[PDB]
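run-v8.csv follows; it contains CSV, C-alpha atoms.
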chain,number,residue,atom,x,y,z
A,4,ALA,CA,0.0,0.0,0.0
A,5,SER,CA,2.8,2.4,1.0
A,6,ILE,CA,5.7,1.6,-1.3
A,7,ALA,CA,9.1,3.0,-0.5
A,8,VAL,CA,10.3,5.7,-2.9
A,9,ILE,CA,14.0,6.4,-3.7
A,10,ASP,CA,15.9,8.4,-6.2
A,11,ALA,CA,19.3,8.1,-8.0
A,12,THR,CA,21.2,9.0,-4.8
A,13,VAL,CA,20.0,5.8,-3.1
A,14,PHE,CA,20.7,3.5,-6.0
A,15,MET,CA,24.0,5.1,-7.1
A,16,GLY,CA,24.9,5.4,-3.4
A,17,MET,CA,25.9,1.7,-3.5
A,18,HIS,CA,29.0,2.8,-5.4
A,19,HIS,CA,29.6,6.1,-3.5
A,20,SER,CA,33.2,6.9,-2.6
A,21,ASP,CA,32.0,7.8,0.9
A,22,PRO,CA,31.8,4.5,2.8
A,23,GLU,CA,29.1,5.8,5.1
A,24,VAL,CA,26.8,6.6,2.2
A,25,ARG,CA,27.6,3.2,0.7
A,26,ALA,CA,26.7,1.5,4.0
A,27,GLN,CA,23.3,3.3,4.1
A,28,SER,CA,22.4,2.4,0.5
A,29,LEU,CA,23.5,-1.2,1.0
A,30,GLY,CA,21.4,-1.4,4.2
A,31,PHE,CA,18.3,-0.2,2.2
A,32,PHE,CA,18.6,-2.7,-0.7
A,33,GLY,CA,19.5,-5.5,1.8
A,34,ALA,CA,16.3,-4.9,3.7
A,35,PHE,CA,14.1,-4.3,0.7
A,36,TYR,CA,15.5,-6.9,-1.7
A,37,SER,CA,12.3,-9.0,-1.3
A,38,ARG,CA,10.0,-5.9,-1.0
A,39,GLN,CA,8.6,-3.2,-3.3
A,40,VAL,CA,10.6,-0.1,-4.3
A,41,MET,CA,9.5,2.7,-6.6
A,42,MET,CA,11.7,4.6,-9.1
A,43,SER,CA,10.6,7.2,-11.6
A,44,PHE,CA,11.6,7.2,-15.2
A,45,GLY,CA,13.7,10.4,-14.6
A,46,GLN,CA,15.7,8.9,-11.7
A,47,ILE,CA,16.5,5.8,-13.8
A,48,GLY,CA,17.8,8.1,-16.6
A,49,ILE,CA,19.9,10.1,-14.1
A,50,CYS,CA,21.7,6.9,-13.1
A,51,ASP,CA,22.5,5.9,-16.7
A,52,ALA,CA,23.5,9.5,-17.6
A,53,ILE,CA,26.2,9.3,-14.9
A,54,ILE,CA,27.4,5.8,-15.9
A,55,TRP,CA,27.5,6.4,-19.7
A,56,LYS,CA,30.0,9.2,-19.0
A,57,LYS,CA,32.5,6.7,-17.6
A,58,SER,CA,35.0,4.6,-19.5
A,59,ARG,CA,34.0,1.5,-21.5
A,60,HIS,CA,35.7,-0.9,-19.0
A,61,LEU,CA,34.0,0.7,-16.0
A,62,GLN,CA,30.5,0.3,-17.6
A,63,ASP,CA,31.2,-3.3,-18.5
A,64,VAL,CA,31.8,-4.2,-14.8
A,65,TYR,CA,29.0,-2.2,-13.3
A,66,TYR,CA,26.0,-2.8,-15.6
A,67,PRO,CA,25.8,-6.6,-14.9
A,68,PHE,CA,25.1,-5.8,-11.3
A,69,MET,CA,22.5,-3.1,-12.1
A,70,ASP,CA,20.6,-5.1,-14.7
A,71,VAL,CA,20.4,-8.3,-12.6
A,72,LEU,CA,19.3,-6.2,-9.6
A,73,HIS,CA,16.5,-4.6,-11.5
A,74,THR,CA,15.4,-8.0,-12.9
A,75,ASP,CA,15.4,-10.1,-9.7
A,76,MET,CA,14.1,-7.2,-7.4
A,77,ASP,CA,10.6,-5.9,-7.7
A,78,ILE,CA,11.5,-2.3,-8.5
A,79,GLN,CA,8.4,-0.5,-9.6
A,80,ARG,CA,9.4,1.7,-12.5
A,81,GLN,CA,6.7,4.3,-13.4
A,82,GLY,CA,6.1,7.9,-14.2
A,83,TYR,CA,4.4,10.8,-12.5
A,84,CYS,CA,0.6,11.4,-12.9
A,85,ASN,CA,-1.3,14.6,-13.7
A,86,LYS,CA,-2.0,15.3,-10.0
A,87,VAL,CA,1.8,15.3,-9.4
A,88,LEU,CA,2.4,17.5,-12.4
A,89,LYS,CA,-0.1,20.2,-11.2
A,90,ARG,CA,1.4,20.2,-7.7
A,91,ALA,CA,5.0,20.5,-9.1
A,92,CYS,CA,4.1,23.8,-10.9
A,93,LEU,CA,2.4,25.4,-7.9
A,94,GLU,CA,5.4,24.8,-5.5
A,95,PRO,CA,8.1,27.6,-5.3
A,99,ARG,CA,14.5,26.5,-6.5
A,100,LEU,CA,15.0,22.9,-7.5
A,101,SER,CA,15.3,21.0,-10.8
A,102,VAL,CA,12.1,19.9,-12.5
A,103,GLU,CA,12.9,16.3,-11.8
A,104,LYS,CA,13.3,17.1,-8.1
A,105,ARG,CA,10.1,19.2,-8.2
A,106,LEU,CA,8.2,16.2,-9.6
A,107,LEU,CA,9.8,13.8,-7.1
A,108,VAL,CA,8.9,15.9,-4.1
A,109,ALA,CA,5.4,16.4,-5.4
A,110,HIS,CA,5.0,12.7,-6.0
A,111,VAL,CA,6.1,11.9,-2.4
A,112,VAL,CA,3.8,14.5,-0.9
A,113,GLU,CA,0.8,13.8,-3.1
A,114,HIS,CA,0.7,10.0,-2.5
A,115,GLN,CA,2.1,10.2,1.1
A,116,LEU,CA,4.8,7.6,0.4
A,117,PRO,CA,8.0,6.9,2.5
A,118,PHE,CA,10.9,8.6,0.9
A,119,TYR,CA,14.6,7.6,1.0
A,120,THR,CA,17.3,9.9,-0.4
A,121,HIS,CA,20.8,11.2,0.1
A,122,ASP,CA,20.1,14.5,-1.7
A,123,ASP,CA,20.9,17.2,0.8
A,124,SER,CA,18.7,19.7,-1.2
A,125,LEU,CA,15.7,17.5,-0.4
A,126,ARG,CA,16.4,16.4,3.2
A,127,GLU,CA,16.5,20.0,4.4
A,128,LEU,CA,12.9,20.5,3.1
A,129,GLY,CA,10.4,20.8,5.9
A,130,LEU,CA,7.6,19.5,3.5
A,131,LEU,CA,9.4,16.2,3.1
A,132,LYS,CA,10.1,15.7,6.8
A,133,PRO,CA,6.9,13.7,7.5
A,134,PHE,CA,8.0,11.3,4.8
A,135,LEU,CA,11.8,11.1,5.1
A,136,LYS,CA,12.8,7.7,6.5
A,137,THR,CA,16.1,6.7,8.0
A,138,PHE,CA,18.2,4.1,6.2
A,139,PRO,CA,18.3,0.7,7.8
A,140,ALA,CA,21.6,-0.6,9.2
A,141,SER,CA,23.6,-3.6,8.1
A,142,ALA,CA,22.1,-7.1,8.7
A,146,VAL,CA,22.4,-9.5,1.8
A,147,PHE,CA,21.9,-10.4,-1.9
A,148,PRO,CA,22.1,-13.9,-3.3
A,149,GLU,CA,25.7,-15.2,-3.9
A,150,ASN,CA,25.4,-14.6,-7.7
A,151,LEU,CA,24.4,-11.0,-7.1
A,152,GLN,CA,27.1,-10.6,-4.5
A,153,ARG,CA,29.8,-11.5,-7.0
A,154,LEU,CA,28.3,-9.1,-9.5
A,155,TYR,CA,28.3,-6.3,-6.8
A,156,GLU,CA,31.9,-6.7,-5.6
A,157,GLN,CA,33.1,-6.9,-9.2
A,158,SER,CA,31.1,-3.7,-9.9
A,159,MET,CA,32.7,-1.8,-7.0
A,160,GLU,CA,35.4,-0.9,-9.4
A,161,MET,CA,33.0,1.9,-10.4
A,162,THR,CA,33.2,4.9,-8.0
A,163,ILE,CA,30.5,7.5,-7.7
A,164,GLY,CA,31.1,10.9,-6.0
A,165,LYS,CA,29.4,14.2,-5.3
A,166,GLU,CA,30.8,15.6,-8.6
A,167,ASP,CA,28.8,13.0,-10.6
A,168,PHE,CA,25.5,14.5,-9.4
A,169,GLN,CA,26.7,18.2,-9.7
A,170,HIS,CA,27.7,17.8,-13.4
A,171,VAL,CA,24.7,15.7,-14.4
A,172,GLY,CA,22.2,17.0,-17.0
B,4,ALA,CA,22.2,25.3,-32.2
B,5,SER,CA,19.1,23.2,-33.1
B,6,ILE,CA,19.7,19.8,-31.8
B,7,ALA,CA,17.5,16.9,-32.8
B,8,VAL,CA,15.2,15.6,-30.1
B,9,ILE,CA,13.9,12.0,-30.0
B,10,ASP,CA,12.0,9.8,-27.5
B,11,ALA,CA,12.0,6.1,-26.6
B,12,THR,CA,10.1,5.2,-29.8
B,13,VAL,CA,13.1,6.3,-32.0
B,14,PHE,CA,15.7,4.5,-29.9
B,15,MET,CA,13.7,1.3,-29.2
B,16,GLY,CA,12.5,1.4,-32.8
B,17,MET,CA,15.9,-0.1,-33.9
B,18,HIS,CA,14.5,-3.3,-32.4
B,19,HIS,CA,10.9,-3.0,-33.5
B,20,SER,CA,9.1,-6.0,-34.9
B,21,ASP,CA,7.8,-3.8,-37.7
B,22,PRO,CA,10.6,-3.7,-40.3
B,23,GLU,CA,9.4,-0.3,-41.6
B,24,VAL,CA,9.8,1.3,-38.2
B,25,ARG,CA,13.2,-0.4,-37.7
B,26,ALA,CA,14.3,1.0,-41.1
B,27,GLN,CA,13.3,4.5,-40.1
B,28,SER,CA,15.1,4.3,-36.7
B,29,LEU,CA,18.2,2.8,-38.3
B,30,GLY,CA,18.2,5.7,-40.9
B,31,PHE,CA,18.1,8.3,-38.1
B,32,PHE,CA,21.0,6.9,-36.1
B,33,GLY,CA,22.9,6.2,-39.2
B,34,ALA,CA,22.7,9.9,-40.3
B,35,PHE,CA,23.1,11.3,-36.8
B,36,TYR,CA,25.9,9.0,-35.5
B,37,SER,CA,28.4,11.8,-35.7
B,38,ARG,CA,25.9,14.6,-34.8
B,39,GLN,CA,24.1,15.7,-31.7
B,40,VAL,CA,20.9,14.1,-30.4
B,41,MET,CA,19.0,15.0,-27.2
B,42,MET,CA,17.2,12.6,-24.9
B,43,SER,CA,15.4,13.4,-21.6
B,44,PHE,CA,16.0,11.5,-18.4
B,45,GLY,CA,12.4,10.2,-18.6
B,46,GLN,CA,12.8,8.8,-22.1
B,47,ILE,CA,16.0,7.0,-21.1
B,48,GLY,CA,14.1,5.4,-18.2
B,49,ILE,CA,11.3,4.3,-20.4
B,50,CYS,CA,13.7,2.4,-22.5
B,51,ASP,CA,15.2,0.5,-19.6
B,52,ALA,CA,11.8,-0.1,-18.1
B,53,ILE,CA,10.9,-2.0,-21.2
B,54,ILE,CA,14.2,-4.0,-21.3
B,55,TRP,CA,14.3,-4.9,-17.6
B,56,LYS,CA,11.0,-6.7,-18.1
B,57,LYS,CA,12.6,-9.1,-20.6
B,58,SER,CA,14.5,-12.3,-19.8
B,59,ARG,CA,18.1,-12.4,-18.5
B,60,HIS,CA,19.4,-13.7,-21.8
B,61,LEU,CA,17.7,-11.1,-23.9
B,62,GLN,CA,19.1,-8.3,-21.7
B,63,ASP,CA,22.6,-9.6,-22.0
B,64,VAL,CA,22.6,-9.5,-25.8
B,65,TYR,CA,20.9,-6.1,-26.2
B,66,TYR,CA,22.6,-3.9,-23.5
B,67,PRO,CA,26.1,-4.1,-25.0
B,68,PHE,CA,24.8,-2.4,-28.1
B,69,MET,CA,22.9,0.3,-26.1
B,70,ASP,CA,25.8,1.1,-23.8
B,71,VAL,CA,28.4,1.3,-26.5
B,72,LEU,CA,26.1,3.5,-28.7
B,73,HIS,CA,25.4,5.9,-25.8
B,74,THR,CA,29.2,6.1,-25.2
B,75,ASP,CA,30.5,6.6,-28.7
B,76,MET,CA,27.7,8.8,-29.9
B,77,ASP,CA,27.2,12.3,-28.5
B,78,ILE,CA,23.7,11.8,-27.1
B,79,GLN,CA,22.9,14.8,-24.9
B,80,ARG,CA,21.1,13.4,-21.9
B,81,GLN,CA,19.4,16.2,-19.8
B,82,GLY,CA,16.2,17.1,-18.0
B,83,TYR,CA,13.5,19.7,-18.6
B,84,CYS,CA,13.8,23.2,-17.3
B,85,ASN,CA,11.3,25.4,-15.4
B,86,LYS,CA,10.0,27.1,-18.5
B,87,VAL,CA,9.1,23.6,-19.9
B,88,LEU,CA,7.5,22.6,-16.6
B,89,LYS,CA,5.2,25.7,-16.5
B,90,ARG,CA,4.1,25.1,-20.1
B,91,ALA,CA,3.4,21.4,-19.5
B,92,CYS,CA,0.8,22.3,-16.8
B,93,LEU,CA,-1.0,24.9,-18.9
B,94,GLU,CA,-1.6,22.6,-21.9
B,95,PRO,CA,-4.8,20.5,-22.0
B,99,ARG,CA,-4.9,14.0,-22.4
B,100,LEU,CA,-1.3,12.6,-22.5
B,101,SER,CA,1.1,11.2,-19.9
B,102,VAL,CA,3.1,13.7,-17.9
B,103,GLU,CA,6.3,12.5,-19.7
B,104,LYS,CA,4.7,13.2,-23.0
B,105,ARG,CA,3.4,16.6,-21.8
B,106,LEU,CA,6.9,17.6,-20.8
B,107,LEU,CA,8.4,16.2,-24.0
B,108,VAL,CA,5.9,18.2,-26.2
B,109,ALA,CA,6.4,21.3,-24.1
B,110,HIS,CA,10.2,21.0,-24.4
B,111,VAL,CA,10.1,20.7,-28.2
B,112,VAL,CA,7.7,23.7,-28.6
B,113,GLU,CA,9.5,25.9,-26.0
B,114,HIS,CA,13.0,25.5,-27.5
B,115,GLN,CA,11.7,25.1,-31.1
B,116,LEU,CA,13.8,21.9,-31.7
B,117,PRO,CA,13.4,19.4,-34.5
B,118,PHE,CA,11.5,16.4,-33.1
B,119,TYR,CA,11.7,12.7,-34.3
B,120,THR,CA,9.2,10.2,-33.0
B,121,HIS,CA,7.1,7.1,-33.8
B,122,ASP,CA,4.5,7.9,-31.1
B,123,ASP,CA,1.2,8.2,-33.0
B,124,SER,CA,-0.3,10.1,-30.0
B,125,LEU,CA,2.2,12.9,-30.7
B,126,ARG,CA,2.4,13.0,-34.5
B,127,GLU,CA,-1.3,13.8,-34.8
B,128,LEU,CA,-0.8,16.9,-32.7
B,129,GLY,CA,-1.1,20.1,-34.7
B,130,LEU,CA,1.2,21.9,-32.3
B,131,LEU,CA,4.1,19.6,-33.1
B,132,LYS,CA,3.6,19.7,-36.9
B,133,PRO,CA,6.1,22.7,-37.3
B,134,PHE,CA,8.7,20.5,-35.6
B,135,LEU,CA,8.0,16.9,-36.7
B,136,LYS,CA,10.8,15.9,-39.1
B,137,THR,CA,10.7,12.9,-41.4
B,138,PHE,CA,13.1,10.1,-40.7
B,139,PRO,CA,16.1,9.8,-43.2
B,140,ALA,CA,16.4,6.9,-45.5
B,141,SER,CA,19.0,4.2,-45.7
B,142,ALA,CA,22.5,5.2,-46.8
B,146,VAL,CA,26.1,2.8,-40.9
B,147,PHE,CA,27.9,2.2,-37.5
B,148,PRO,CA,31.5,1.1,-37.1
B,149,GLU,CA,32.1,-2.6,-37.6
B,150,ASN,CA,32.4,-3.2,-33.8
B,151,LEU,CA,29.0,-1.5,-33.2
B,152,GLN,CA,27.5,-3.4,-36.2
B,153,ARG,CA,28.4,-6.8,-34.6
B,154,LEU,CA,26.8,-5.5,-31.3
B,155,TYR,CA,23.7,-4.5,-33.1
B,156,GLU,CA,23.1,-7.7,-35.1
B,157,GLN,CA,23.8,-9.7,-32.0
B,158,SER,CA,21.2,-7.6,-30.1
B,159,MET,CA,18.5,-8.0,-32.8
B,160,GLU,CA,17.5,-11.1,-30.8
B,161,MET,CA,15.6,-8.6,-28.7
B,162,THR,CA,12.2,-7.7,-30.3
B,163,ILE,CA,10.2,-4.6,-29.3
B,164,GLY,CA,6.5,-4.3,-30.2
B,165,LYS,CA,3.6,-2.0,-29.7
B,166,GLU,CA,2.6,-3.9,-26.6
B,167,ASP,CA,5.9,-2.8,-24.9
B,168,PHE,CA,4.9,0.8,-24.9
B,169,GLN,CA,1.2,0.2,-24.0
B,170,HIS,CA,2.1,-1.8,-20.8
B,171,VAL,CA,4.9,0.6,-19.7
B,172,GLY,CA,4.7,2.5,-16.5

In structure tokens, how does this file's structure come out?
Amino acid sequence: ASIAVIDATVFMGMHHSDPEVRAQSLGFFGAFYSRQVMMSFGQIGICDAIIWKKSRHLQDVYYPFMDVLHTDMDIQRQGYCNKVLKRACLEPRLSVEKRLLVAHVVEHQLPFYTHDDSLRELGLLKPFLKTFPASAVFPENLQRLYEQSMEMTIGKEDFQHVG
Amino acid sequence: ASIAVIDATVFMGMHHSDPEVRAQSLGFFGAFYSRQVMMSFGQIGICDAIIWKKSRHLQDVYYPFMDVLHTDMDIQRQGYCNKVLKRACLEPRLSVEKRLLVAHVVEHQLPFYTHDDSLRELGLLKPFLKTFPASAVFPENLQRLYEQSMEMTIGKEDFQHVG
């Protein structure tokens, strides 16, 4: 009924240079691997936009983990509706993708997980911001794909120079 | 100055079961391989949302072609701006992603390529709808990745059951 909603910061956080952010993202996917998670079309594109700027070798080791994860994990991939679009225009300065993401969380009253500091400071999202779970794991085949994909490193600069 | 804008129908059209649609999409990428093409974050996510619903084997043969194409071809991957968001709310029934796509093409007056029949019939997009080029090719390494990826087949049902 109340599906968890994340953005690119949670997914790409599994490969963040900061080990504390990587621990938080690993704790979320480890606790929601057999649950439901929602991702918008825009957030999915933001992830690939960051990866496709990397070298050929780094993409070849990361993408196997990403594709198998999206396949074996019930990640609901959808788009925003008209009620979210109308709310995103009436709110006052963030990117349109963030305006739609905030409007979607507030409209449908869904739990929201994110590392984006521009969204956590928002008082409107405080009733929906949920703390990341702690460490407590994927199947062995997905574990080997993850550790082989850790050669990819995501930083704060990847989200600043996106778009 | 005037970059070509496409959607998921043009990109995923290269693997469409209809051979006439596949010929049109192959003609576009063949003529724009060394040029500039724009894709929004949403349209990129729509492509992956269609692929991740396929089997593990079909994803493993398609994604090498998609990833190498995005890397070696200057595909501008961005998001919509506030001027596009305000216009998308004032227009009258399409999905929010299509409302933002139509608003972006009309706002910036960019050439638009698409197979979406719900957009081609729009009179507002007629000054910007451009006909697909004819057949006239990728490098050999990308050709082998494409023909190996043709095992993936996209149909009209993939876009109807998306989201």

Calculate how many Å separate atom CA of residue 87 of chain B from atom CA of residue 31 of chain B, rounding to one decimal.
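Here the two named atoms are 25.4 Å from each other.
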
Could you write out as an NGL selection string the residues of chain B within 7 Å of chain A, counting only C-alpha atoms?
:B and (44-45 or 47-49 or 52 or 55-56 or 70 or 73-74 or 80-85 or 88-89 or 92 or 102 or 172)

Write out the coordinates of chain A as a CSV table (one decimal) with C-alpha atoms, in the frame of the given file after a least-squares overlay onto chain B built on all ordered Cα pairs.
chain,number,residue,atom,x,y,z
A,4,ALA,CA,22.2,25.3,-32.2
A,5,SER,CA,19.1,23.2,-33.1
A,6,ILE,CA,19.7,19.8,-31.7
A,7,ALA,CA,17.5,16.9,-32.9
A,8,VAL,CA,15.2,15.6,-30.2
A,9,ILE,CA,13.9,12.0,-30.0
A,10,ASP,CA,12.1,9.8,-27.5
A,11,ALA,CA,12.0,6.1,-26.6
A,12,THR,CA,10.1,5.2,-29.8
A,13,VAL,CA,13.1,6.3,-31.9
A,14,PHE,CA,15.7,4.5,-29.9
A,15,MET,CA,13.7,1.4,-29.2
A,16,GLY,CA,12.5,1.5,-32.8
A,17,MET,CA,15.8,-0.1,-33.8
A,18,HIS,CA,14.5,-3.4,-32.4
A,19,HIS,CA,10.9,-2.9,-33.5
A,20,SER,CA,9.2,-6.0,-34.9
A,21,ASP,CA,7.8,-3.9,-37.7
A,22,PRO,CA,10.6,-3.7,-40.3
A,23,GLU,CA,9.5,-0.4,-41.6
A,24,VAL,CA,9.8,1.2,-38.2
A,25,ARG,CA,13.2,-0.4,-37.8
A,26,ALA,CA,14.3,1.0,-41.1
A,27,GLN,CA,13.3,4.5,-40.1
A,28,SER,CA,15.1,4.4,-36.7
A,29,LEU,CA,18.2,2.9,-38.3
A,30,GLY,CA,18.2,5.6,-40.9
A,31,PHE,CA,18.1,8.3,-38.1
A,32,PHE,CA,21.0,6.9,-36.0
A,33,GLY,CA,23.0,6.2,-39.3
A,34,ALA,CA,22.7,9.9,-40.3
A,35,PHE,CA,23.2,11.3,-36.8
A,36,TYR,CA,25.9,9.0,-35.5
A,37,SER,CA,28.5,11.8,-35.7
A,38,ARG,CA,25.9,14.5,-34.8
A,39,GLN,CA,24.1,15.7,-31.6
A,40,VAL,CA,20.9,14.1,-30.3
A,41,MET,CA,19.0,15.0,-27.2
A,42,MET,CA,17.2,12.5,-24.9
A,43,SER,CA,15.4,13.4,-21.6
A,44,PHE,CA,16.0,11.5,-18.4
A,45,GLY,CA,12.4,10.2,-18.6
A,46,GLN,CA,12.8,8.7,-22.1
A,47,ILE,CA,16.0,7.0,-21.1
A,48,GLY,CA,14.1,5.4,-18.1
A,49,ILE,CA,11.2,4.3,-20.4
A,50,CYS,CA,13.7,2.3,-22.6
A,51,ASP,CA,15.2,0.5,-19.6
A,52,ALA,CA,11.8,-0.1,-18.0
A,53,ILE,CA,10.9,-2.0,-21.2
A,54,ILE,CA,14.2,-4.0,-21.4
A,55,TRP,CA,14.3,-4.9,-17.6
A,56,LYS,CA,11.0,-6.7,-18.1
A,57,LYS,CA,12.6,-9.1,-20.6
A,58,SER,CA,14.5,-12.3,-19.8
A,59,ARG,CA,18.0,-12.4,-18.5
A,60,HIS,CA,19.5,-13.7,-21.8
A,61,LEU,CA,17.7,-11.1,-23.9
A,62,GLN,CA,19.1,-8.2,-21.8
A,63,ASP,CA,22.6,-9.7,-21.9
A,64,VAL,CA,22.6,-9.5,-25.8
A,65,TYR,CA,20.9,-6.1,-26.1
A,66,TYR,CA,22.6,-3.9,-23.5
A,67,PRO,CA,26.1,-4.1,-25.1
A,68,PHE,CA,24.8,-2.4,-28.1
A,69,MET,CA,22.9,0.3,-26.2
A,70,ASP,CA,25.8,1.1,-23.8
A,71,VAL,CA,28.4,1.3,-26.5
A,72,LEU,CA,26.0,3.5,-28.6
A,73,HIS,CA,25.5,5.9,-25.9
A,74,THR,CA,29.2,6.1,-25.2
A,75,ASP,CA,30.6,6.6,-28.7
A,76,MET,CA,27.6,8.8,-29.9
A,77,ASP,CA,27.2,12.3,-28.6
A,78,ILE,CA,23.7,11.8,-27.1
A,79,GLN,CA,22.9,14.8,-25.0
A,80,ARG,CA,21.1,13.4,-21.9
A,81,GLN,CA,19.4,16.2,-19.8
A,82,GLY,CA,16.3,17.1,-18.1
A,83,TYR,CA,13.5,19.6,-18.6
A,84,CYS,CA,13.8,23.3,-17.3
A,85,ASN,CA,11.3,25.4,-15.3
A,86,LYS,CA,10.0,27.1,-18.5
A,87,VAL,CA,9.1,23.6,-19.9
A,88,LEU,CA,7.5,22.6,-16.6
A,89,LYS,CA,5.2,25.7,-16.6
A,90,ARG,CA,4.1,25.2,-20.2
A,91,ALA,CA,3.4,21.4,-19.5
A,92,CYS,CA,0.8,22.3,-16.8
A,93,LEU,CA,-1.0,25.0,-18.9
A,94,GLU,CA,-1.5,22.6,-21.9
A,95,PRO,CA,-4.8,20.5,-22.0
A,99,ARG,CA,-4.9,13.9,-22.4
A,100,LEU,CA,-1.3,12.6,-22.5
A,101,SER,CA,1.1,11.2,-19.9
A,102,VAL,CA,3.2,13.7,-17.9
A,103,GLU,CA,6.3,12.5,-19.6
A,104,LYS,CA,4.7,13.2,-23.0
A,105,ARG,CA,3.4,16.6,-21.7
A,106,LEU,CA,6.9,17.6,-20.8
A,107,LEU,CA,8.4,16.3,-24.1
A,108,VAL,CA,5.9,18.2,-26.2
A,109,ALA,CA,6.5,21.3,-24.1
A,110,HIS,CA,10.2,21.0,-24.4
A,111,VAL,CA,10.0,20.7,-28.2
A,112,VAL,CA,7.7,23.7,-28.5
A,113,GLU,CA,9.4,25.9,-26.0
A,114,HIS,CA,13.0,25.5,-27.5
A,115,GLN,CA,11.7,25.1,-31.1
A,116,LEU,CA,13.8,22.0,-31.7
A,117,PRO,CA,13.4,19.3,-34.5
A,118,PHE,CA,11.5,16.4,-33.2
A,119,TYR,CA,11.6,12.8,-34.3
A,120,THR,CA,9.2,10.2,-32.9
A,121,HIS,CA,7.1,7.2,-33.8
A,122,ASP,CA,4.4,7.9,-31.1
A,123,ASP,CA,1.2,8.2,-33.0
A,124,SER,CA,-0.3,10.2,-30.0
A,125,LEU,CA,2.2,12.9,-30.7
A,126,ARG,CA,2.4,12.9,-34.5
A,127,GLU,CA,-1.3,13.7,-34.8
A,128,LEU,CA,-0.8,16.9,-32.7
A,129,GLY,CA,-1.1,20.0,-34.8
A,130,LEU,CA,1.2,21.9,-32.2
A,131,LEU,CA,4.1,19.6,-33.0
A,132,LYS,CA,3.6,19.8,-36.8
A,133,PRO,CA,6.1,22.7,-37.3
A,134,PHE,CA,8.7,20.6,-35.6
A,135,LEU,CA,8.0,17.0,-36.7
A,136,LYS,CA,10.8,15.9,-39.1
A,137,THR,CA,10.7,12.9,-41.4
A,138,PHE,CA,13.2,10.1,-40.8
A,139,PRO,CA,16.1,9.8,-43.2
A,140,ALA,CA,16.3,6.8,-45.5
A,141,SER,CA,19.0,4.2,-45.6
A,142,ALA,CA,22.5,5.2,-46.8
A,146,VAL,CA,26.2,2.8,-40.9
A,147,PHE,CA,27.9,2.2,-37.5
A,148,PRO,CA,31.5,1.2,-37.1
A,149,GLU,CA,32.1,-2.6,-37.6
A,150,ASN,CA,32.4,-3.2,-33.8
A,151,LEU,CA,29.0,-1.5,-33.2
A,152,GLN,CA,27.6,-3.4,-36.2
A,153,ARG,CA,28.4,-6.7,-34.6
A,154,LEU,CA,26.9,-5.6,-31.3
A,155,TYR,CA,23.7,-4.5,-33.2
A,156,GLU,CA,23.0,-7.7,-35.1
A,157,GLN,CA,23.7,-9.7,-32.0
A,158,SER,CA,21.2,-7.5,-30.2
A,159,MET,CA,18.5,-8.0,-32.8
A,160,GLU,CA,17.5,-11.0,-30.8
A,161,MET,CA,15.6,-8.6,-28.7
A,162,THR,CA,12.2,-7.7,-30.3
A,163,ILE,CA,10.2,-4.6,-29.3
A,164,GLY,CA,6.5,-4.3,-30.2
A,165,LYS,CA,3.5,-1.9,-29.7
A,166,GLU,CA,2.6,-3.9,-26.5
A,167,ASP,CA,5.9,-2.9,-24.9
A,168,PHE,CA,4.9,0.8,-25.0
A,169,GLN,CA,1.2,0.2,-24.0
A,170,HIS,CA,2.1,-1.8,-20.8
A,171,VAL,CA,4.9,0.5,-19.8
A,172,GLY,CA,4.8,2.5,-16.5

What separation in Å, quoted to one decimal, exists between atom CA of residue 36 of chain B and atom CA of residue 146 of chain B?
8.2 Å

Atom pair atom CA of residue 26 of chain B / atom CA of residue 139 of chain B: separation (Å):
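These two atoms are separated by 9.2 Å.
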
Could you give me, as number ranges by chain, the residues within 10 Å of segment 128-136 of chain B, counting only C-alpha atoms and dropping anything in the same chain fewer than 2 positions from it?
B: 7-8, 108-109, 111-112, 115-120, 123-126, 138-139

For the residues selected in the previous step, produce a file with C-alpha atoms as a PDB file, in the coordinates of the input.
ATOM      1  CA  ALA B   7      17.500  16.900 -32.800  1.00  0.00           C
ATOM      2  CA  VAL B   8      15.200  15.600 -30.100  1.00  0.00           C
ATOM      3  CA  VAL B 108       5.900  18.200 -26.200  1.00  0.00           C
ATOM      4  CA  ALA B 109       6.400  21.300 -24.100  1.00  0.00           C
ATOM      5  CA  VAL B 111      10.100  20.700 -28.200  1.00  0.00           C
ATOM      6  CA  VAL B 112       7.700  23.700 -28.600  1.00  0.00           C
ATOM      7  CA  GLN B 115      11.700  25.100 -31.100  1.00  0.00           C
ATOM      8  CA  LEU B 116      13.800  21.900 -31.700  1.00  0.00           C
ATOM      9  CA  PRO B 117      13.400  19.400 -34.500  1.00  0.00           C
ATOM     10  CA  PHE B 118      11.500  16.400 -33.100  1.00  0.00           C
ATOM     11  CA  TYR B 119      11.700  12.700 -34.300  1.00  0.00           C
ATOM     12  CA  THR B 120       9.200  10.200 -33.000  1.00  0.00           C
ATOM     13  CA  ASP B 123       1.200   8.200 -33.000  1.00  0.00           C
ATOM     14  CA  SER B 124      -0.300  10.100 -30.000  1.00  0.00           C
ATOM     15  CA  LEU B 125       2.200  12.900 -30.700  1.00  0.00           C
ATOM     16  CA  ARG B 126       2.400  13.000 -34.500  1.00  0.00           C
ATOM     17  CA  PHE B 138      13.100  10.100 -40.700  1.00  0.00           C
ATOM     18  CA  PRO B 139      16.100   9.800 -43.200  1.00  0.00           C
TER      19      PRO B 139
END

Might you pull out every residue within 7 Å of residue 154 of chain A, with all atoms listed in the file counted and same-chain residues fewer than 4 positions away left off, and present them as JSON, numbers by chain?
{"A": [67, 68, 150, 158]}

Residues within 9 Å of residue 29 of chain A, please, as a ChimeraX atom specification. Count all atoms listed in the file; anything in the same chain fewer than 6 positions from it doesn't count.
/A:13-14,16-17,139-141,146

Using all atoms listed in the file, determine which residues lie at most 9 Å from residue 37 of chain A, disregarding the query and same-chain residues fewer than 4 positions distant; provide the list as a ChimeraX atom specification.
/A:32-33,76-77

Dump of C-alpha atoms for the selected residues, as a compact mmCIF listing (two decimals), in the frame of the given file:
# COMPACT_ATOMS: atom_id res chain seq x y z
CA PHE A 32 18.60 -2.70 -0.70
CA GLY A 33 19.50 -5.50 1.80
CA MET A 76 14.10 -7.20 -7.40
CA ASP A 77 10.60 -5.90 -7.70
